[PDB]
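A single chain comes next, written as structure tokens; it is the form solved without the ligand.
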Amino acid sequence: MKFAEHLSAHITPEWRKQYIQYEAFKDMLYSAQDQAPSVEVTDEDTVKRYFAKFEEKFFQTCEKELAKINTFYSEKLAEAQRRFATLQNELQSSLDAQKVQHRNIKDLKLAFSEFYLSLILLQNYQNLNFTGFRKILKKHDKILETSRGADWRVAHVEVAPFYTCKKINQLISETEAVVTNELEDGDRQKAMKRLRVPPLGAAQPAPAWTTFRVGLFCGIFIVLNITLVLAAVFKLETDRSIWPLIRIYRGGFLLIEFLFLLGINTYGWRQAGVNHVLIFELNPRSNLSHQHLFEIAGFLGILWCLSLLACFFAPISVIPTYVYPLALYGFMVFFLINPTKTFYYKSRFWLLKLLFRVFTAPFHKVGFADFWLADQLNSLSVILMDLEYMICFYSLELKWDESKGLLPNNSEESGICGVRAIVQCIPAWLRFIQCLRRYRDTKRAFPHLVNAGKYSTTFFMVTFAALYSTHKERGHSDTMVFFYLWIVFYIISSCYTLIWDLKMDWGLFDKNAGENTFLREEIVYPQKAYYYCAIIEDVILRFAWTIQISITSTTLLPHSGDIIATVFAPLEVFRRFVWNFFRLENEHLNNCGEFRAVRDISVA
């Protein structure tokens, strides 16, 4: 509960291999002390010899660590000096060409903010490495009752060209001078507000009020769920179709579950080290923690349970029951599109910019956030089918003449209410067009043309499911050819998406696994059982996702299809939750190889 965990929590995740390695030293010391021979059953000269050999070993490995740190610091400082040179040249060119321009100035501001972050990270690297050297040499002096630890400290650590190099501080002062004089016209307060680096990473605890709101929204949600179960068992009339209600309130529940599991994903990413901040292109000084996602999910789930309770109980008699789902989803939309600057404005508007860039996406260049949201829409595809069902049910099947709305006595439609398939492929279509744009952009046909057929398989599956459904409904003859076609495309799609999940979405099953059998070379999440359980769960849940797609866009199994979809949709959201972890880990391990901790803000 000291500098070991302080170091693990304050490490820049992409430079983890180039830190002090505190715990290795600690274990070395404890094992040396443990296997020390006797003091009177053995010879004292042998004890002196053993302790001298351990001291030699300890100081050899300490010299190795110091050399590693010096090398890394020199490389990073040279890189920062080059980056400052090119940034000053860019600013000089832009400002003398000044005598569009707003975009140029915004990109220059952003590039100077990322250059400052790298300097702050290198400074924190220096500080942590020096404090780790002092603490571990102190532990060596304490365990062995000697003074060679502090001797080695004063002799070697405080001469090293990483503790005596006051060159990062000059760079920071120079950067502040540049940003204040040339970009802000004085006004150092505004420059430093843009440049100041809050304690980031796992090194910040969420405000107590956010955690209290998480706990408050969770307790209300829990009690309202108990109340919903009790009101479903004891208050719902036993002569009405509750299935329209289930279908209407199914999408909201999937959204709440997705936000909860996204909060858990953010917690796992922040703890294991894989920084979604650099991958999603979020600014490192302000992110949403897992607490904020939990709070959003809890609030929306509170509203969901309140609307469902109002449907079951019918509190006031003037307003019919169909207003409650409408009200719930209208508030959900008004929360997202809130034009004022309140209730997570930056997050909501980043999400809206992303949604405009994924729903119109043969034209925008694909980033990681444009790809992750279009991949997450594949799991939240029952939400779009729920929206389509709500529109169809309110337009064609609601009476509007009786207060008893969503729950009708007995009546149906042709199927359930063509355009129930198209709205299943919609996200597959978005991802297909995005992969095509990525191929056109990078001209690399392997990762992009493959992974475009991955969603064409979904296209074909839905098409042939619908064809066989309509042909068995009207009792035709060429229905069997279509059943075999659907089964072959179901198998093809399940294996295609399954191989892509494990191979080049998670990185698993590579030739250089090593001792992590069937896994990557370097794993980030602690337990190895996490990965094997994830593999098994994805194998199970990937196959029971194409079945749901086939049964949601069809007319077969009318009575059991709805139970199937209701049970399998949260399972698919859980599958996406599991997939997020290892996709983000695989993406972060790319950034670990090039030691990239800050984004490369281009400017033109």
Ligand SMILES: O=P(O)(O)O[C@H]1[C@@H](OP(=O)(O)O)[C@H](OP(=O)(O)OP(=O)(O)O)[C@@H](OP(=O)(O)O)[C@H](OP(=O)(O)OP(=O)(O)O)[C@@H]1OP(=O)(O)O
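Residues that one form lacks are left out of the comparison. Note that residue numbering follows the sequence shown and begins at 1. Between two forms, the rigid core is the largest collection of C-alphas that superpose within 1.5 Å.
_Third-or-more of other entries without residue 141_ = Comparison shows residue 141 kept in all of the other entries.
*asked:* One third of the other compared structures is the cut-off here: is residue 413 left unmodelled in that many or more?
replied: Across the other compared entries, residue 413 is absent from at least a third.
*Enter the number of deposited residues without atomic coordinates between residue 105 and residue 106, binned as none, 1 to 3, 4 to 9, or 10 or more.*
In the deposited sequence, nothing is left without coordinates between these two.
*How much of the deposited sequence is absent from the coordinates between residue 99 and residue 100: none, 1 to 3, 4 to 9, or 10 or more residues?*
The entry leaves 10 or more residues without coordinates here.
This protein has a second form, the form deposited with the ligand bound, left out of what is shown; the following refers to that one.
*Options 86-94, 157-165, 132-140, 67-75; stretch whose heavy atom lies within 4.5 Å of the ligand in the bound PDB entry*: That would be 132-140.
*Distance check, residue 22 to the ligand in the bound PDB entry, heavy atom within 4.5 Å*: Residue-level check for residue 22: yes, a contact with the ligand.
*the ligand contact in the bound PDB entry: residue 443, any heavy atom under 4.5 Å*: Looking in the bound PDB entry, residue contacts with the ligand do not include residue 443, since no heavy atom lies within 4.5 Å.
*Give a yes/no on whether residue 127 approaches the ligand to within 4.5 Å in the bound PDB entry, heavy atoms considered.*
Flag for residue 127 set to no.
*asked:* Is it the case that residue 82, even though its partner is missing from this view, gets within 4.5 Å of the ligand in the bound PDB entry, heavy atoms only?
replied: Residue 82: no, not in contact with the ligand in the bound PDB entry.
*State the residue from 106, 148, 472, 528 whose non-hydrogen atoms include one within 4.5 Å of the ligand in the bound PDB entry.*
Spelling it out, the residue with a heavy atom inside the cut-off is 106.
*Is every one of 57, 516 and 588 within 4.5 Å of the ligand in the bound PDB entry, counting heavy atoms?*
The answer is no; none of 57, 516 and 588 reaches the ligand.
*Going by the ligand in the bound PDB entry, which residues of 377-394 come within 4.5 Å of it through any heavy atom?*
Nothing in the stretch sits within 4.5 Å of the partner.
*Which one of 512, 477, 527, 147, by Cα shift of 2 Å or more between this form and the one not shown, core superposed*: The one that moves 2 Å or more is 147.
_Once the core is aligned, does residue 591 move its Cα by at least 2 Å between this form and the one not shown?_
Indeed, residue 591 is displaced by 2 Å or more.
*Superpose the two forms on the rigid core, then report in sequence order the stretches of at least three consecutive residues whose Cα positions each move 2 Å or more between this form and the one not shown.*
When the rigid core is held fixed, residues 2-34, 48-94, 104-192, 194-198, 590-596 are the runs that shift.
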